[PDB]
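Engineer: Structure file coords.pdb, PDB, C-alpha atoms and all ligand atoms, is pasted below:
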MODEL        1
ATOM      1  CA  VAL A  91     -13.597  -4.368   9.822
ATOM      2  CA  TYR A  92     -10.211  -5.405   8.464
ATOM      3  CA  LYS A  93      -6.756  -5.966   9.976
ATOM      4  CA  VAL A  94      -3.848  -4.909   7.791
ATOM      5  CA  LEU A  95      -0.191  -5.748   8.548
ATOM      6  CA  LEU A  96       2.623  -3.415   7.367
ATOM      7  CA  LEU A  97       5.800  -5.470   6.619
ATOM      8  CA  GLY A  98       9.209  -4.402   5.369
ATOM      9  CA  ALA A  99      12.805  -3.632   6.215
ATOM     10  CA  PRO A 100      13.676  -0.959   8.818
ATOM     11  CA  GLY A 101      13.689   2.621   7.569
ATOM     12  CA  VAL A 102      11.395   2.189   4.520
ATOM     13  CA  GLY A 103       8.519   4.401   5.878
ATOM     14  CA  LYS A 104       6.054   1.903   7.421
ATOM     15  CA  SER A 105       5.491   4.166  10.429
ATOM     16  CA  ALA A 106       5.248   7.256   8.230
ATOM     17  CA  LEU A 107       2.557   5.699   6.088
ATOM     18  CA  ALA A 108       0.621   4.351   9.050
ATOM     19  CA  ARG A 109       0.676   7.687  10.927
ATOM     20  CA  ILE A 110      -0.597   9.520   7.858
ATOM     21  CA  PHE A 111      -3.469   6.955   7.465
ATOM     22  CA  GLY A 112      -4.198   7.220  11.230
ATOM     23  CA  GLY A 113      -4.211  11.036  10.891
ATOM     24  CA  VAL A 114      -1.551  11.148  13.571
ATOM     25  CA  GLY A 124       5.160  -0.890  17.235
ATOM     26  CA  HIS A 125       1.695   0.668  17.190
ATOM     27  CA  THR A 126      -1.888   0.297  15.909
ATOM     28  CA  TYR A 127      -4.171   2.673  13.979
ATOM     29  CA  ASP A 128      -7.871   2.429  13.233
ATOM     30  CA  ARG A 129      -9.827   4.538  10.727
ATOM     31  CA  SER A 130     -13.040   4.208   8.842
ATOM     32  CA  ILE A 131     -12.879   5.137   5.195
ATOM     33  CA  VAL A 132     -15.370   5.106   2.313
ATOM     34  CA  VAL A 133     -14.320   3.080  -0.712
ATOM     35  CA  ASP A 134     -16.647   2.827  -3.729
ATOM     36  CA  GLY A 135     -19.542   4.165  -1.687
ATOM     37  CA  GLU A 136     -19.206   1.615   1.128
ATOM     38  CA  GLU A 137     -17.736   2.340   4.555
ATOM     39  CA  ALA A 138     -14.925   0.117   5.807
ATOM     40  CA  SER A 139     -12.869   0.144   8.959
ATOM     41  CA  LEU A 140      -9.199  -0.690   8.738
ATOM     42  CA  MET A 141      -7.040  -1.567  11.678
ATOM     43  CA  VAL A 142      -3.407  -0.959  10.680
ATOM     44  CA  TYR A 143      -0.796  -2.950  12.610
ATOM     45  CA  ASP A 144       2.631  -1.288  12.390
ATOM     46  CA  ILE A 145       4.252  -4.093  14.421
ATOM     47  CA  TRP A 146       6.993  -5.497  12.167
ATOM     48  CA  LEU A 154       8.120 -12.843  16.406
ATOM     49  CA  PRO A 155       7.807 -12.562  12.598
ATOM     50  CA  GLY A 156       5.778 -15.834  12.434
ATOM     51  CA  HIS A 157       3.034 -14.514  14.773
ATOM     52  CA  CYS A 158       2.881 -11.197  12.870
ATOM     53  CA  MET A 159       2.529 -12.994   9.563
ATOM     54  CA  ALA A 160      -0.166 -15.350  10.829
ATOM     55  CA  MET A 161      -2.566 -12.533  11.555
ATOM     56  CA  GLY A 162      -3.687 -10.219   8.660
ATOM     57  CA  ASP A 163      -6.722  -9.796   6.373
ATOM     58  CA  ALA A 164      -4.194  -8.139   4.067
ATOM     59  CA  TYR A 165      -0.453  -7.576   3.880
ATOM     60  CA  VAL A 166       1.260  -4.401   2.746
ATOM     61  CA  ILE A 167       4.923  -5.096   1.856
ATOM     62  CA  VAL A 168       6.850  -1.809   1.831
ATOM     63  CA  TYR A 169      10.307  -1.106   0.437
ATOM     64  CA  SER A 170      12.093   2.179  -0.177
ATOM     65  CA  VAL A 171      12.879   3.109  -3.746
ATOM     66  CA  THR A 172      16.107   4.669  -2.429
ATOM     67  CA  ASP A 173      17.316   1.265  -0.914
ATOM     68  CA  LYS A 174      17.887  -1.752  -3.161
ATOM     69  CA  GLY A 175      18.546  -3.838  -0.013
ATOM     70  CA  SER A 176      14.986  -3.119   1.185
ATOM     71  CA  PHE A 177      13.620  -4.233  -2.210
ATOM     72  CA  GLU A 178      15.496  -7.556  -1.855
ATOM     73  CA  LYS A 179      14.032  -7.894   1.649
ATOM     74  CA  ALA A 180      10.569  -7.441   0.095
ATOM     75  CA  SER A 181      11.096 -10.609  -1.983
ATOM     76  CA  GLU A 182      12.291 -12.474   1.116
ATOM     77  CA  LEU A 183       9.129 -11.327   3.017
ATOM     78  CA  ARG A 184       6.920 -12.636   0.196
ATOM     79  CA  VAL A 185       8.537 -16.080   0.300
ATOM     80  CA  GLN A 186       7.999 -16.130   4.070
ATOM     81  CA  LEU A 187       4.291 -15.260   3.676
ATOM     82  CA  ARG A 188       3.882 -18.027   1.131
ATOM     83  CA  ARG A 189       5.052 -20.449   3.834
ATOM     84  CA  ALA A 190       3.034 -18.784   6.666
ATOM     85  CA  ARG A 191      -0.331 -18.392   4.849
ATOM     86  CA  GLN A 192      -0.597 -21.554   2.723
ATOM     87  CA  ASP A 195      -5.357 -16.488  -0.436
ATOM     88  CA  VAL A 196      -4.611 -13.214   1.359
ATOM     89  CA  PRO A 197      -4.384  -9.867  -0.471
ATOM     90  CA  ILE A 198      -0.841  -8.450  -0.752
ATOM     91  CA  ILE A 199       0.042  -4.957  -1.933
ATOM     92  CA  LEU A 200       3.648  -4.095  -2.824
ATOM     93  CA  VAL A 201       4.613  -0.447  -2.051
ATOM     94  CA  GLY A 202       7.694   1.408  -3.189
ATOM     95  CA  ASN A 203       7.836   4.367  -0.834
ATOM     96  CA  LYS A 204       9.972   7.615  -0.890
ATOM     97  CA  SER A 205       9.102   8.437  -4.464
ATOM     98  CA  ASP A 206       9.891  12.121  -3.709
ATOM     99  CA  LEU A 207      13.635  11.325  -3.323
ATOM    100  CA  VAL A 208      14.185  11.277  -7.088
ATOM    101  CA  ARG A 209      17.954  11.864  -7.010
ATOM    102  CA  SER A 210      18.709   8.846  -4.685
ATOM    103  CA  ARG A 211      16.388   6.326  -6.295
ATOM    104  CA  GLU A 212      17.924   2.837  -6.440
ATOM    105  CA  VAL A 213      14.932   0.749  -7.604
ATOM    106  CA  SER A 214      13.236   1.683 -10.852
ATOM    107  CA  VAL A 215       9.443   1.776 -11.278
ATOM    108  CA  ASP A 216       9.837  -1.173 -13.742
ATOM    109  CA  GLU A 217      11.637  -3.316 -11.119
ATOM    110  CA  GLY A 218       8.708  -2.602  -8.803
ATOM    111  CA  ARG A 219       6.243  -3.573 -11.529
ATOM    112  CA  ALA A 220       8.210  -6.751 -12.304
ATOM    113  CA  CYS A 221       8.197  -7.693  -8.598
ATOM    114  CA  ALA A 222       4.373  -7.285  -8.740
ATOM    115  CA  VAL A 223       4.165  -9.683 -11.692
ATOM    116  CA  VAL A 224       6.238 -12.315  -9.874
ATOM    117  CA  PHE A 225       4.157 -11.890  -6.705
ATOM    118  CA  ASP A 226       0.949 -11.522  -8.800
ATOM    119  CA  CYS A 227      -0.116  -8.616  -6.595
ATOM    120  CA  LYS A 228      -0.931  -4.929  -6.896
ATOM    121  CA  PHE A 229       1.883  -2.388  -6.882
ATOM    122  CA  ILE A 230       1.870   1.284  -5.971
ATOM    123  CA  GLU A 231       4.538   3.889  -5.342
ATOM    124  CA  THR A 232       4.103   6.347  -2.518
ATOM    125  CA  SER A 233       5.643   9.352  -0.842
ATOM    126  CA  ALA A 234       4.881   9.718   2.867
ATOM    127  CA  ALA A 235       6.755  13.041   2.673
ATOM    128  CA  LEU A 236       4.250  14.480   0.161
ATOM    129  CA  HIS A 237       1.267  12.368   1.200
ATOM    130  CA  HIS A 238       1.240  11.004  -2.361
ATOM    131  CA  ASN A 239      -0.758   7.808  -3.050
ATOM    132  CA  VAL A 240      -1.223   7.212   0.693
ATOM    133  CA  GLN A 241      -5.033   7.376   0.601
ATOM    134  CA  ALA A 242      -4.930   5.313  -2.672
ATOM    135  CA  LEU A 243      -2.817   2.604  -0.979
ATOM    136  CA  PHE A 244      -5.295   2.007   1.790
ATOM    137  CA  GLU A 245      -8.364   2.252  -0.469
ATOM    138  CA  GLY A 246      -6.667  -0.362  -2.676
ATOM    139  CA  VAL A 247      -6.252  -2.602   0.405
ATOM    140  CA  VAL A 248     -10.015  -2.451   1.006
ATOM    141  CA  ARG A 249     -10.852  -3.122  -2.687
ATOM    142  CA  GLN A 250      -8.448  -6.074  -2.814
ATOM    143  CA  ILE A 251      -9.934  -7.623   0.346
ATOM    144  CA  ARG A 252     -13.466  -7.264  -1.009
ATOM    145  CA  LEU A 253     -12.560  -8.931  -4.349
ATOM    146  CA  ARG A 254     -11.180 -11.933  -2.460
ATOM    147  CA  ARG A 255     -14.219 -12.119  -0.146
ATOM    148  CA  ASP A 256     -16.304 -12.273  -3.350
ATOM    149  CA  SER A 257     -14.310 -14.458  -5.827
ATOM    150  CA  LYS A 258     -14.686 -17.265  -3.277
TER     151      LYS A 258
HETATM  152  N1  LIG B 301      11.723  11.891   1.942
HETATM  153  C1  LIG B 301      10.981  10.898   2.434
HETATM  154  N2  LIG B 301      11.352  10.397   3.644
HETATM  155  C2  LIG B 301      10.615   9.388   4.183
HETATM  156  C3  LIG B 301       9.445   8.887   3.475
HETATM  157  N3  LIG B 301       8.886   7.918   4.259
HETATM  158  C4  LIG B 301       9.650   7.791   5.346
HETATM  159  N4  LIG B 301      10.664   8.692   5.309
HETATM  160  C5  LIG B 301      11.757   8.805   6.268
HETATM  161  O1  LIG B 301      12.336   7.490   6.290
HETATM  162  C6  LIG B 301      12.920   7.257   7.570
HETATM  163  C7  LIG B 301      12.264   6.081   8.234
HETATM  164  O2  LIG B 301      10.893   6.257   8.280
HETATM  165  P1  LIG B 301      10.006   5.388   9.287
HETATM  166  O3  LIG B 301       8.561   5.717   9.221
HETATM  167  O4  LIG B 301      10.611   5.406  10.671
HETATM  168  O5  LIG B 301      10.215   3.927   8.692
HETATM  169  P2  LIG B 301      10.000   2.434   9.346
HETATM  170  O6  LIG B 301      11.268   1.995   9.981
HETATM  171  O7  LIG B 301       9.743   1.554   8.117
HETATM  172  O8  LIG B 301       8.790   2.444  10.111
HETATM  173  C8  LIG B 301      12.651   8.519   8.373
HETATM  174  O9  LIG B 301      13.850   9.300   8.219
HETATM  175  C9  LIG B 301      11.434   9.115   7.703
HETATM  176  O10 LIG B 301      11.268  10.540   7.768
HETATM  177  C10 LIG B 301       9.127   9.462   2.140
HETATM  178  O11 LIG B 301       8.129   9.056   1.499
HETATM  179  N5  LIG B 301       9.920  10.456   1.709
HETATM  180 MG    MG B 302       8.610   2.289  12.201
ENDMDL
END
Please express what this file holds, its structure, as structure tokens.
Ligand SMILES: Nc1nc2c(ncn2[C@@H]2O[C@H](COP(=O)(O)OP(=O)(O)O)[C@@H](O)[C@H]2O)c(=O)[nH]1
Ligand SMILES: [Mg+2]
Structural biologist:
Amino acid sequence: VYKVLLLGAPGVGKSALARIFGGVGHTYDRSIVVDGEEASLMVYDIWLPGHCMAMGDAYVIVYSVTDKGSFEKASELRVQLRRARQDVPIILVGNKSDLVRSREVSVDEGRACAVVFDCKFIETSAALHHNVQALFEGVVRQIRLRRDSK
């Protein structure tokens, strides 16, 4: 049973993503099967930033691909985590991939941010439910790898 914190600037789709996962701040629970093994995830959509950051088994940092300011905020959030948790899995998410015409952050900028962070990167669309199940399965897989590389 794993606690997952959603972090990111206002308006990026944290609540959208969480409500889709929950099948529905606020909290969501849900058991899912990942590589043949059941896992429960508790998703905290609660973004006292220090307290929030002190608390997860994994961190999902969300920005909107339509909002370069939210992508900058993602880098700021990562620096903060580095100070707050001085091992934890982090997934970077570029949401709103359906809004092709208003895109402000390229896929390659997202990928580059992943290299700097040394973390996994995925783009999502809460509007289309695209990559939402993959995001949360990835969370589970990344937590397991870190339980086991020990
Ligand atoms: N088109 C589109 N709109 C989205 C997507 N995700 C969130 N939104 C919209 O983005 C705005 C903020 O979403 P919300 O879940 O409240 O974001 P939060 O502030 O990060 O929790 C709302 O207008 C949502 O409908 C997406 O993937 N595609
Ligand atoms: Mg919200």
Engineer: Kindly give the distance, in Å, that separates atom CA of residue A:216 and atom CA of residue A:177, rounded to a single decimal.
Structural biologist: 12.5 Å
Engineer: Rounded to one decimal, what separation in Å do you get between atom CA of residue A:214 and atom CA of residue A:171?
Structural biologist: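 That distance, rounded to one decimal, is 7.3 Å.
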Engineer: At what distance in Å, to one decimal, does atom CA of residue A:157 lie from atom CA of residue A:100?
Structural biologist: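 So the two atoms, atom CA of residue A:100 and atom CA of residue A:157, lie 18.2 Å apart.
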Engineer: Can you pull out every residue within 12 Å of residue A:136, counting all atoms listed in the file, but drop anything in the same chain fewer than 2 positions away, and send it as JSON, numbers by chain?
Structural biologist: {"A": [91, 130, 131, 132, 133, 134, 138, 139, 245, 248, 249, 252]}
Engineer: Can you tell me which residues come within 7 Å of ligand LIG 301 (chain B) when counting only C-alpha atoms and all ligand atoms, ideally as an MDAnalysis selection string?
Structural biologist: chainID A and resid 98:107 203:207 232:236
Engineer: Evaluate the PyMOL selection byres (((chain A and resi 140-156) around 6) and not hetatm) here and jot the selected residues down as a ChimeraX atom specification.
Structural biologist: /A:91-97,124-129,139,157-159
Engineer: Please identify all polymer residues within 9 Å of residue A:241, counting only C-alpha atoms, omitting same-chain residues fewer than 5 positions from it, and present them as a PyMOL selection string.
Structural biologist: chain A and resi 110-111+246
Engineer: Would you mind listing what lies within 10 Å of residue A:175 as a PDB file with C-alpha atoms, in the coordinates of the input, with all atoms listed in the file counted and same-chain residues fewer than 4 positions away left out?
Structural biologist:
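In the end it all went to result27.pdb:
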ATOM      1  CA  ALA A  99      12.805  -3.632   6.215  1.00  0.00           C
ATOM      2  CA  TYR A 169      10.307  -1.106   0.437  1.00  0.00           C
ATOM      3  CA  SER A 170      12.093   2.179  -0.177  1.00  0.00           C
ATOM      4  CA  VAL A 171      12.879   3.109  -3.746  1.00  0.00           C
ATOM      5  CA  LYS A 179      14.032  -7.894   1.649  1.00  0.00           C
ATOM      6  CA  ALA A 180      10.569  -7.441   0.095  1.00  0.00           C
ATOM      7  CA  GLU A 212      17.924   2.837  -6.440  1.00  0.00           C
ATOM      8  CA  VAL A 213      14.932   0.749  -7.604  1.00  0.00           C
TER       9      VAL A 213
END
Engineer: I'd like to know which of A:108, A:251, A:185, A:215 is closest to residue A:172, using only C-alpha atoms.
Structural biologist: A:215
Engineer: Can you work out which one of A:181, A:196, A:242, A:222 has the shortest atom-to-atom distance to residue A:161, counting all atoms listed in the file?
Structural biologist: A:196
Engineer: Once the PyMOL selection byres (((chain A and resi 164) around 6) and not hetatm) is applied to the coordinates I shared, what remains selected? I want it as a count of residues only.
Structural biologist: 7
Engineer: Written as a ChimeraX atom specification, which residues does the PyMOL selection byres (((chain A and resi 199) around 6) and not hetatm) give for the file shown?
Structural biologist: /A:166,198,200,227-229
